[PDB]
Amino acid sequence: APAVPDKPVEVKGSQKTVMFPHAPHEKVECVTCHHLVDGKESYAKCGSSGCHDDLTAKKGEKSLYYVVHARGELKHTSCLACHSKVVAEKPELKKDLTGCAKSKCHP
């Protein structure tokens, strides 16, 4: 596996960029996010060509927005799906981890 980033990295949407910090996620398996594709490890950017490269649609497996924000029955864990579970146990973090504004993702 490539080196984990040791600084926040950009996650570019069509119109917003959110910084993603690996450090809070150190106990999360890499593969939870960097899921296998065709049975093989991959660490390419989520919005890479051939992956979640629809940066404007809100739904569909190609939609970057959907795979970040869906709280529905997806095939891998999205940011908001896991954060919803975290804030159930740590409700002081509700705005920080799930808010659409003034959150840690969208300050």
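Heads up: residue numbers just count along the shown sequence, starting at 1.
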message = Comparing average C-alpha B factors as deposited, tell me which of 67-75 and 29-37 sits higher.
response = 67-75
ask   = Do the C-alpha atoms of 77-85 or of 58-66 have the higher average B factor in the entry?
value = 58-66
message = Ranking every modelled residue in this chain by its Cα temperature factor as given in the entry, which third contains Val4?
response = highest
ask   = Once the chain's modelled residues are ordered by C-alpha B factor and cut into thirds, is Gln15 in the lowest, middle or highest one?
value = highest
